[PDB]
Amino acid sequence: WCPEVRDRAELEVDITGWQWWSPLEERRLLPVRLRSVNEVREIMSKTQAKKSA
Amino acid sequence: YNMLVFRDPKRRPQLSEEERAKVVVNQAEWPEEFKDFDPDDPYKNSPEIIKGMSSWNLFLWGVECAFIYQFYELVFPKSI
Amino acid sequence: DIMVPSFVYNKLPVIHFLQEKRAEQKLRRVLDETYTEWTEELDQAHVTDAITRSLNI
Amino acid sequence: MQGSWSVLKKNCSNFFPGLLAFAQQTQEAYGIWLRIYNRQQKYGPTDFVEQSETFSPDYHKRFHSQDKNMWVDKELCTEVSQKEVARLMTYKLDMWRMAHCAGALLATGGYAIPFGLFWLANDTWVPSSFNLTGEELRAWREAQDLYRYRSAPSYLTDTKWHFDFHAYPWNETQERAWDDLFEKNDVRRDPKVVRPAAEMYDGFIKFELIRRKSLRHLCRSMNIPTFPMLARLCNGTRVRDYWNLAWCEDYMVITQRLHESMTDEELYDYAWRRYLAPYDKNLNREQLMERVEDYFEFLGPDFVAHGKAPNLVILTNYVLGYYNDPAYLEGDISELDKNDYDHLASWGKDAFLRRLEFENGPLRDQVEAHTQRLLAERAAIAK
Amino acid sequence: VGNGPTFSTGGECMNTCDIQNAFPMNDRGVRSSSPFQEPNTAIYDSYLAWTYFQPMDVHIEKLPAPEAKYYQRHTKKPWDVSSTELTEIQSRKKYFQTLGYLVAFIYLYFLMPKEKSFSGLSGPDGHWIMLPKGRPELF
Amino acid sequence: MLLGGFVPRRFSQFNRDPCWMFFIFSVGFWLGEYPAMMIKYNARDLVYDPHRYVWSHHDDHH
Amino acid sequence: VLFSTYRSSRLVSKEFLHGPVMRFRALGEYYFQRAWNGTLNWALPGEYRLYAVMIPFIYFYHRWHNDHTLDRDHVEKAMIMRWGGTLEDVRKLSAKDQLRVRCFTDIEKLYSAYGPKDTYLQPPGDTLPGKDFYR
Amino acid sequence: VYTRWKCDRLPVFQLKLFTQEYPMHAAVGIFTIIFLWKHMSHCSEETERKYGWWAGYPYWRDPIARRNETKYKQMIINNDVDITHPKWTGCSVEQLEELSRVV
Ligand SMILES: CCCCCCCCCCCCCCCCCC(=O)OC[C@H](COP(=O)([O-])OCC(O)COP(=O)([O-])OC[C@@H](COC(=O)CCCCCCCCCCCCCCCCC)OC(=O)CCCCCCCCCCCCCCCCC)OC(=O)CCCCCCCCCCCCCCCCC
Ligand SMILES: CCCCCCCCCCCCCCCCCC(=O)OC[C@H](COP(=O)([O-])OCC(O)COP(=O)([O-])OC[C@@H](COC(=O)CCCCCCCCCCCCCCCCC)OC(=O)CCCCCCCCCCCCCCCCC)OC(=O)CCCCCCCCCCCCCCCCC
Ligand SMILES: CCCCCCCCCCCCCCCCCC(=O)OC[C@H](COP(=O)([O-])OCC(O)COP(=O)([O-])OC[C@@H](COC(=O)CCCCCCCCCCCCCCCCC)OC(=O)CCCCCCCCCCCCCCCCC)OC(=O)CCCCCCCCCCCCCCCCC
Ligand SMILES: CCCCCCCCCCCCCCCCCC(=O)OC[C@H](COP(=O)([O-])OCC(O)COP(=O)([O-])OC[C@@H](COC(=O)CCCCCCCCCCCCCCCCC)OC(=O)CCCCCCCCCCCCCCCCC)OC(=O)CCCCCCCCCCCCCCCCC
Ligand SMILES: CCCCCCCCCCCCCCCCCC(=O)OC[C@H](COP(=O)([O-])OCC(O)COP(=O)([O-])OC[C@@H](COC(=O)CCCCCCCCCCCCCCCCC)OC(=O)CCCCCCCCCCCCCCCCC)OC(=O)CCCCCCCCCCCCCCCCC
Ligand SMILES: CCCCCCCCCCCCCCCCCC(=O)OC[C@H](COP(=O)(O)OCCN)OC(=O)CCCCCCCCCCCCCCCCC
């Protein structure tokens, strides 16, 4: 019932990817999180200014 | 505690002292198996697997098995 | 029967976490691209002015 | 695809007509290749004709270099048409498989006959010429697509895992390109967003440094026979030749806009030879055109300007991403209401399990407080 | 609550492992033993520390069942075997293997005599094989 | 790896788990075989083989 | 075409011997599939009870094999060589005599290198039979 | 998705493992097996007597002699060998009869 994880793990192991830690990808994705409303307001203002100019 | 090399695991505390002090203990809700619970002897009140079968009885059973293993040929020897 | 299964089982948590983060990233990108477009329409005052001029006033 | 008796009968019936058609195609393709080779030798760059050597920086092993050993003949349309190039590519695939089978036959004498029976029972490694009707051709294409589905995910996973484990992207745009490159075919990938991955991987690995296992996976995904694989510079040469022909045809089509005038079936075949459009997807002309335009966009303006395509590894991954179907999920959600460890219910809980339940259960705070207070009292008494 | 197992840990403590970030942290500050959220995760201190999760009866707001269209993916292939089917196959195979190994162990350690016994009462003394037959010219 | 499990606090608790019951039975066998050997092999009526000097492993391996 | 290379080609139904298999898996899982059962390279588990149960059983069956199959050969050789050099000569004795001889062999085994050497070295002047008794 | 370990059957996975994953190791192992069976697959009767028996060679019945006797009897009977031939004995049949009458 979580097929993507299963397929990725099985393929990684079948291609000699035994290791179970990926520090680099985690570092790229660790700080990802849904933004707050104020952050959304700031981003929308930035986009509107960019479109205007 | 330890029994030879086997050490009894201990649960790490998770509550702080302030929160812990506010906890009200009610042993009435606890199961009869664990009342007056003691970390140094948590299985004192635990039920026996077989009623009336003591640890010493099993120890003596093993000793008797050894005695049989060593003495049976003395009483019922067999030819080559 | 023993080794590959164990290493797959070890892999599962990290992959699950990374895929959840990836989906959150997709949702965040979807939200971030939304901007309200305020359109500008010809002011009716000029229309009124042109109407007056047509009257020869 | 697994072998079957029906396919065995089909191939046995069409064996000799298939051989005759293969011989005719061999003559035609030899003519086409003679024209192309003469043109390459006459007008080719000095490095391409002289076969300049490019060695790895670690073990100094020679391999084809994309920039030097690959050349796009922009003026090939004068001598050779697009259809001739497609025919040559198809014949190259069929000839590769036939040559491997013939080598096995010559090596093992008459002992390859049962292996031949196994071979004719499956359409995976038989030539296209063995199909004399539309239904047979459809089944053969289905078998090829099945093999591609079987092989491609391993290649994609190899590439992605190696890069992610041993390296990370430099900038955010590269991160986005890398992440979106390996998405499933159910979503549409923007070639402009994905292109920087080519330069990033050129920084990591070029086609001249491709490893032998990754090469084996790629050749599997391209329906290229791999046994005997041998050194990596043989199937590597096959891959280089096939993609050089594909790039020449792509330049011809882009310059002459032939795909717009190309018919539906020919367009589908053109996309298929690029590993963009599976036949089992039942794509229409709109989807085929979208995929072909995305492929051309991924090639980039520099391809037309100078005949330089992006990194071949990344290009192969991008095109094979269309065979990376979403992971299968079958079964109604109601199945999640069941239990998996009912067979253990008869065993119950032992003393240790009861202790764990008591300590970590809803009464955990009370037990923790009582235990800590008792320990503190005992420590105070000891002191 | 039942006695069933949970997501395997390997006897590891997730608050100090190399992939600890992949395990969610609860209010008490104890990282979960699984990618799932666990409220009552604990740590036990033997010679080495190990994390534990005790199953309990907890109610969770259940989102209504979606449609099959939005979560079913019919990309199954003839070579594909599901994890449940694989588990069934391996369970049966290991059951039969266990029976065979049990029989073999019994025969070896309680019935099979050792070869080349001094008295000759038990076990074979060896013999020759592949001897020529019907080849008078050989001699 | 010796991480956890039932651990009886003293002898009397070995009967609180079947596995430790079997363990204590085995320990009883182990320790009680020694007194049996003491009694059997230090018996008054035990007699050395008269023909013990006829043959020995020492001459065989030599 | 004759045999499938894929494990998916089933030879039996999914429900074949479901119950016994579930019982066997219940036996396997109850003690092993636990957080504290962390193995060291799959060979050394973390559950104490596994050691407590398996060490005695292994020792018991190994000892039974050694006593009834391996040391028996040495005992029989001693009996044969010391009492005629032939199996029939030994069988000419009574069960009690064989018991005495075998227990003397056990004595010799227990002494090993840490004991008196008169058990195999004949002191000068001893009246007991020598090595050439049966020759 | 397809994986060799999960989808292929055991013999197929074995062949794949020892042909495309550890082929050199398999080749070396086969070489060593051939060497062992070509140079370390013989045991003389004296060696068997010295070390070939758990408690020692039981000279009182000489099972090696019985084994060789059975071997030679079987060979002679099956192959129809005339052990009285001059080459085996080094003398003519008449000389053999004369010797038999003498002794
Ligand atoms: C009787 C003796 C037998 C001896 C034992 C043999 C044992 C078996 C071993 C295999 C033998 C060959 C089998 C037949 C192969 C078919 C012919 C062929 O080469 O096909 C092209 C094709 C070339 O592949 P490629 O990757 O495209 O080549 C890249 C080049 O850059 C390509 O260059 P390019 O890009 O410029 O393109 C050129 C292309 C352009 O042309 C075209 O595009 C037109 C098509 C041309 C090729 C058509 C091939 C058709 C194949 C099918 C034939 C019908 C089969 C019917 C089966 C059913 C029958 C009932 O034309 C070519 O393909 C020319 C290739 C070069 C010629 C190779 C032949 C050399 C040997 C023959 C001469 C021998 C002389 C002996 C003199 C003796 C003196 C004492 O061949 C292959 O697919 C390769 C073979 C695959 C199997 C390999 C197995 C291992 C081999 C190890 C050999 C080691 C040495 C021998 C000792 C072995 C000890 C263990
Ligand atoms: C008339 C025709 C036209 C003319 C002729 C034309 C030319 C024809 C020839 C060329 C054809 C080429 C294409 C062939 C394609 C098909 C290949 C194939 O076999 O596919 C698998 C094929 C099924 O294919 P499929 O179902 O279509 O699936 C294909 C998929 O795509 C799956 O695909 P995949 O890629 O996953 O599968 C690949 C798989 C292929 O492999 C397999 O799948 C394994 C096949 C065998 C499995 C057997 C399982 C059953 C075992 C039973 C055991 C006995 C049971 C008890 C019997 C009791 C009987 C009383 O793995 C491999 O490729 C491994 C390659 C290994 C290479 C080995 C190289 C060794 C080199 C040695 C080292 C040298 C180093 C250098 C040394 C240098 C020193 C100087 O397998 C079978 O059909 C199984 C047949 C089993 C037969 C019965 C069992 C054996 C019977 C033996 C009888 C012996 C009698 C004599 C005894 C005498 C005693 C004294
Ligand atoms: C639980 C227990 C179960 C039972 C277990 C049984 C016991 C097993 C114990 C040991 C197992 C491991 C042994 C490993 C040994 C070391 C291997 C090694 O070092 O390999 C390095 C290396 C690794 O191979 P690779 O190319 O890198 O990739 C291998 C992958 O498997 C390629 O995979 P891929 O995915 O990349 O490609 C897949 C696909 C890709 O598709 C294709 O490639 C298209 C189709 C290609 C067809 C074949 C083309 C061949 C072209 C000519 C090759 C050169 C010939 C040289 C001259 C002839 C020498 C004899 O290829 C295939 O489907 C190949 C089908 C082959 C089917 C045959 C497999 C063997 C089954 C048994 C049949 C023979 C039984 C004999 C004994 C019994 C007799 C009564 O080997 C080679 O370079 C291959 C050289 C092949 C030379 C020819 C064979 C020499 C061996 C003696 C043959 C004797 C024939 C006797 C006939 C009958 C006489 C009565
Ligand atoms: C049942 C059949 C049994 C058969 C047994 C025979 C052996 C197997 C047969 C063949 C099996 C099929 C597969 C073979 C391997 C394929 C390799 C491959 O993929 O190559 C692709 C490759 C094509 O790629 P490419 O891009 O065109 O060029 C490669 C790049 O240059 C690559 O660029 P790169 O960057 O890699 O450049 C480096 C490259 C550069 O090399 C090349 O690639 C160039 C081609 C090779 C040149 C080799 C000759 C070098 C000069 C020799 C000078 C000797 C002087 C001695 C004077 C003595 C005076 C008394 O490699 C080297 O540097 C290696 C040099 C060789 C070093 C040899 C060291 C040996 C040490 C010996 C130790 C002691 C031994 C024991 C004691 C002995 C004494 C008591 O193929 C070749 O280049 C040539 C392939 C030749 C295949 C072998 C043909 C076999 C013919 C057999 C005939 C006899 C049969 C007897 C039968 C007996 C009864 C059964
Ligand atoms: C119908 C079968 C094929 C017929 C022939 C076909 C055409 C020819 C094929 C190729 C011939 C190669 C010739 C030699 C090339 C160069 C190498 C060399 O120097 O060779 C020396 C020598 C050959 O002598 P020669 O040079 O021809 O000249 C004679 C000299 O005068 C002798 O001078 P010497 O001083 O060297 O003599 C010492 C001794 C030297 O002999 C040896 O050292 C024997 C070495 C055997 C190597 C086996 C390689 C494969 C190993 C696979 C992995 C096994 C792992 C461990 C498993 C343990 C538990 C089973 O020589 C012999 O007496 C040779 C007898 C060889 C008999 C081979 C029988 C193989 C049985 C395999 C059983 C596998 C059971 C697996 C059960 C699994 C169940 C789940 O040994 C070998 O070549 C050994 C390899 C033979 C391979 C044959 C083809 C594959 C196997 C087919 C039969 C399979 C039967 C399965 C039965 C299953 C029962 C349950
Ligand atoms: C190719 C033969 C050509 C000539 C015709 C021979 C017909 C003989 C009569 C057969 C009657 C019983 C048939 C029963 C069904 C057999 C189905 C079968 O072959 O399945 C193979 C099966 C393993 O199947 P699996 O690999 O898991 O996947 C199969 C799907 N691809 O494997 C098994 O489970 C084993 C099943 C064995 C069944 C008996 C096979 C006997 C074959 C004898 C051939 C030799 C000639 C016999 C001539 C007889 C004349 C009277």
# chains A, B, ... in the order shown; residues from 1 in each chain; ligands from 1
$ residues_near_ligand --ligand "ligand 4" --cutoff "10 Å" --atoms "only C-alpha atoms and all ligand atoms" --output "PyMOL selection string"
chain D and resi 51+53-56+59-64+107+228-237
$ write_last_selection --atoms "C-alpha atoms" --output "PDB file, in the first residue's frame"
ATOM      1  CA  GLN D  51      38.829   7.815 -34.165  1.00  0.00           C
ATOM      2  CA  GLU D  53      41.258   8.401 -28.295  1.00  0.00           C
ATOM      3  CA  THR D  54      39.586   9.602 -25.096  1.00  0.00           C
ATOM      4  CA  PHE D  55      40.874   7.958 -21.919  1.00  0.00           C
ATOM      5  CA  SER D  56      39.367   7.979 -18.454  1.00  0.00           C
ATOM      6  CA  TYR D  59      42.136   3.882 -15.193  1.00  0.00           C
ATOM      7  CA  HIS D  60      42.917   5.375 -18.629  1.00  0.00           C
ATOM      8  CA  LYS D  61      40.440   3.120 -20.424  1.00  0.00           C
ATOM      9  CA  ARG D  62      39.393   4.285 -23.872  1.00  0.00           C
ATOM     10  CA  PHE D  63      35.730   4.893 -24.640  1.00  0.00           C
ATOM     11  CA  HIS D  64      33.753   6.816 -27.230  1.00  0.00           C
ATOM     12  CA  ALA D 107      29.599 -22.095 -31.546  1.00  0.00           C
ATOM     13  CA  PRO D 228      28.031 -12.171 -24.533  1.00  0.00           C
ATOM     14  CA  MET D 229      28.448  -8.635 -23.214  1.00  0.00           C
ATOM     15  CA  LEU D 230      32.263  -8.724 -23.332  1.00  0.00           C
ATOM     16  CA  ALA D 231      34.065  -5.410 -22.927  1.00  0.00           C
ATOM     17  CA  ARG D 232      31.997  -2.262 -22.493  1.00  0.00           C
ATOM     18  CA  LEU D 233      33.320  -0.778 -25.753  1.00  0.00           C
ATOM     19  CA  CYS D 234      31.321  -3.111 -28.042  1.00  0.00           C
ATOM     20  CA  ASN D 235      27.759  -2.474 -26.906  1.00  0.00           C
ATOM     21  CA  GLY D 236      28.979   1.055 -26.265  1.00  0.00           C
ATOM     22  CA  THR D 237      29.848   1.302 -29.951  1.00  0.00           C
TER      23      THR D 237
END
$ interface_residues --of "chain C" --to "chain D" --cutoff "12 Å" --atoms "only C-alpha atoms" --output "mmCIF file with C-alpha atoms, in the first residue's frame"
data_model
loop_
_atom_site.group_PDB
_atom_site.id
_atom_site.type_symbol
_atom_site.label_atom_id
_atom_site.label_comp_id
_atom_site.auth_asym_id
_atom_site.auth_seq_id
_atom_site.Cartn_x
_atom_site.Cartn_y
_atom_site.Cartn_z
ATOM 1 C CA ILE C 15 12.742 6.581 1.329
ATOM 2 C CA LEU C 18 12.148 11.644 1.372
ATOM 3 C CA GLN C 19 9.064 10.956 -0.743
ATOM 4 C CA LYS C 21 9.181 15.712 1.655
ATOM 5 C CA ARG C 22 9.085 15.613 -2.149
ATOM 6 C CA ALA C 23 5.280 15.648 -2.184
ATOM 7 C CA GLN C 25 7.703 20.352 -2.054
ATOM 8 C CA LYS C 26 5.363 19.792 -5.000
ATOM 9 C CA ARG C 29 5.514 24.914 -5.525
#
$ residues_near_ligand --ligand "ligand 3" --cutoff "8 Å" --atoms "only C-alpha atoms and all ligand atoms" --output "PyMOL selection string"
(chain D and resi 97+100-108+111-112+115+125+216-217+220+224-230) or (chain H and resi 10-12+14-20+22-27+30)
$ residues_around --residues "stretch 26-34 of chain B" --least-positions-apart "2" --cutoff "10 Å" --atoms "only C-alpha atoms" --output "list in words"
residues 23, 24, 36, 37, 38, 42, 43, 44, 45, 46 and 47 of chain B; 351, 354, 355, 358, 359, 363, 366, 367 and 370 of chain D
$ write_last_selection --atoms "N, CA, C and O atoms" --output "short mmCIF file (atom, residue, chain, number, x, y, z; two decimals), in the first residue's frame"
data_model
loop_
_atom_site.label_atom_id
_atom_site.label_comp_id
_atom_site.auth_asym_id
_atom_site.auth_seq_id
_atom_site.Cartn_x
_atom_site.Cartn_y
_atom_site.Cartn_z
N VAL B 23 1.70 14.20 38.89
CA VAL B 23 1.03 12.96 38.55
C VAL B 23 0.48 12.32 39.82
O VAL B 23 1.17 12.23 40.84
N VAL B 24 -0.77 11.88 39.75
CA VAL B 24 -1.44 11.23 40.88
C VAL B 24 -1.42 9.73 40.64
O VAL B 24 -1.90 9.24 39.61
N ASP B 36 2.43 -2.52 44.05
CA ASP B 36 3.67 -2.26 44.78
C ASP B 36 4.87 -2.54 43.88
O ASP B 36 5.87 -3.12 44.30
N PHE B 37 4.75 -2.11 42.62
CA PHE B 37 5.74 -2.44 41.61
C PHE B 37 7.13 -2.00 42.04
O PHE B 37 7.32 -0.87 42.49
N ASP B 38 8.10 -2.90 41.89
CA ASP B 38 9.48 -2.65 42.27
C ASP B 38 10.38 -2.86 41.05
O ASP B 38 10.39 -3.97 40.50
N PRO B 42 10.45 -6.82 39.52
CA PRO B 42 9.12 -6.61 38.92
C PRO B 42 8.29 -7.87 38.79
O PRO B 42 7.07 -7.76 38.64
N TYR B 43 8.90 -9.05 38.83
CA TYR B 43 8.19 -10.30 38.61
C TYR B 43 7.94 -11.07 39.90
O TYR B 43 7.71 -12.28 39.86
N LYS B 44 7.99 -10.39 41.05
CA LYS B 44 7.78 -11.08 42.31
C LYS B 44 6.39 -11.69 42.39
O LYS B 44 6.23 -12.83 42.85
N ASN B 45 5.37 -10.96 41.95
CA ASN B 45 3.99 -11.43 41.99
C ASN B 45 3.55 -12.09 40.70
O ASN B 45 2.38 -12.46 40.58
N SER B 46 4.45 -12.25 39.73
CA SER B 46 4.06 -12.83 38.46
C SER B 46 3.62 -14.28 38.66
O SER B 46 4.23 -15.01 39.44
N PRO B 47 2.58 -14.72 37.97
CA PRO B 47 2.09 -16.09 38.17
C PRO B 47 3.06 -17.13 37.64
O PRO B 47 3.85 -16.88 36.73
N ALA D 351 5.19 -12.66 30.55
CA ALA D 351 5.45 -11.73 31.65
C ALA D 351 6.13 -10.46 31.14
O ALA D 351 5.78 -9.35 31.57
N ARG D 354 3.60 -8.33 29.24
CA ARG D 354 2.69 -7.69 30.18
C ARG D 354 3.37 -6.53 30.88
O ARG D 354 2.77 -5.46 31.07
N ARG D 355 4.63 -6.71 31.28
CA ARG D 355 5.37 -5.62 31.91
C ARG D 355 5.50 -4.43 30.97
O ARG D 355 5.32 -3.28 31.39
N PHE D 358 2.19 -2.65 30.67
CA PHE D 358 1.89 -1.91 31.89
C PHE D 358 2.73 -0.64 31.99
O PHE D 358 2.21 0.42 32.37
N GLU D 359 4.01 -0.72 31.65
CA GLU D 359 4.89 0.43 31.82
C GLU D 359 4.65 1.48 30.74
O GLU D 359 4.64 2.68 31.04
N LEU D 363 -1.19 3.95 31.53
CA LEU D 363 -0.78 4.21 32.90
C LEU D 363 0.71 4.50 33.01
O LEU D 363 1.27 4.44 34.11
N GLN D 366 1.87 7.27 35.56
CA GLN D 366 1.76 6.88 36.96
C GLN D 366 2.89 5.93 37.36
O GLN D 366 3.50 6.09 38.42
N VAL D 367 3.17 4.94 36.51
CA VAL D 367 4.22 3.98 36.82
C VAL D 367 5.57 4.69 36.88
O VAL D 367 6.39 4.42 37.76
N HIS D 370 5.76 6.68 40.17
CA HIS D 370 5.94 5.80 41.32
C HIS D 370 7.35 5.24 41.36
O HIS D 370 8.00 5.22 42.42
#
$ residues_near_ligand --ligand "ligand 6" --cutoff "6 Å" --atoms "only C-alpha atoms and all ligand atoms" --output "list in words"
residues 1, 2, 3, 4, 9, 10 and 11 of chain G
$ residues_around --residues "residue D:260" --least-positions-apart "2" --cutoff "12 Å" --atoms "only C-alpha atoms" --output "VMD selection string"
chain D and resid 253 to 258 262 to 264 266 to 267 285 to 286 288 to 290 292 to 293
$ atom_distance --atom1 "atom CA of residue B:74" --atom2 "atom CA of residue G:108"
18.2 Å
$ interface_residues --of "chain F" --to "chain D" --cutoff "12 Å" --atoms "only C-alpha atoms" --output "ChimeraX atom specification"
/F:4-8,13-19
$ residues_near_ligand --ligand "ligand 5" --cutoff "9 Å" --atoms "only C-alpha atoms and all ligand atoms" --output "JSON list (two decimals) with C-alpha atoms, in the first residue's frame"
[["chain", "number", "residue", "atom", "x", "y", "z"],
["H", 26, "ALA", "CA", 33.07, -18.50, -9.79],
["H", 29, "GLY", "CA", 36.39, -21.49, -7.56],
["H", 30, "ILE", "CA", 35.98, -23.88, -10.48],
["H", 31, "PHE", "CA", 39.72, -23.71, -11.16],
["H", 32, "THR", "CA", 40.46, -24.53, -7.53],
["H", 33, "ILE", "CA", 37.93, -27.37, -7.49],
["H", 34, "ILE", "CA", 39.55, -28.89, -10.57],
["H", 35, "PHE", "CA", 42.98, -28.59, -8.96],
["H", 36, "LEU", "CA", 41.77, -30.22, -5.74],
["H", 37, "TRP", "CA", 40.18, -33.14, -7.59],
["H", 38, "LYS", "CA", 43.23, -33.51, -9.85],
["H", 39, "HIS", "CA", 45.93, -33.47, -7.16],
["H", 41, "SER", "CA", 41.78, -36.93, -4.42]]
$ atom_distance --atom1 "atom CA of residue G:95" --atom2 "atom CA of residue G:67"
18.6 Å
